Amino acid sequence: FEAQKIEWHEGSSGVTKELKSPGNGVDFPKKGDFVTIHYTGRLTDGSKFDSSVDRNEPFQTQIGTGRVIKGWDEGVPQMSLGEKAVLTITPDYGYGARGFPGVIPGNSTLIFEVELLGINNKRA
């Protein structure tokens, strides 16, 4: 099976994934998979609030199990290995009314540049 999810939206509130550069179109994360991702997170005014690239530390998590914000748990499984995409996440799929203290204001839409570098032991 092969596919490229060039645009994907789930919800208006919700999450949008826009493919920027294709992955291999074959390997997609499933629930419970461990993913390795490089990301940069920005607010809608363009200001950066975090970046794994800036600290040269790829981020790893189990996907689809509620360990990350909902926009990532829903959006990352729509990426294939090696894909670069942009995730736009409304507050309902992010940090909601409170935001994240010290980093993200309440009621913030989030824009993540994400690169899927790994799915379990598969590497881009």
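Throughout, we count residues from 1 along the sequence that is shown.
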- Query: Are any deposited residues left out of the model between residue 11 and residue 12, and how many (none, 1 to 3, 4 to 9, 10 or more)?
  - Reply: 1 to 3
- Task: Check the entry's C-alpha temperature factors for 82-90 and 45-53, then say which stretch has the higher mean.
- Result: 45-53
- Between 110-118 and 12-20, which has the higher average C-alpha B-factor in the PDB entry? 12-20
- Item | Highest recorded Cα temperature factor - choice among 71, 58, 77, 96 | 58
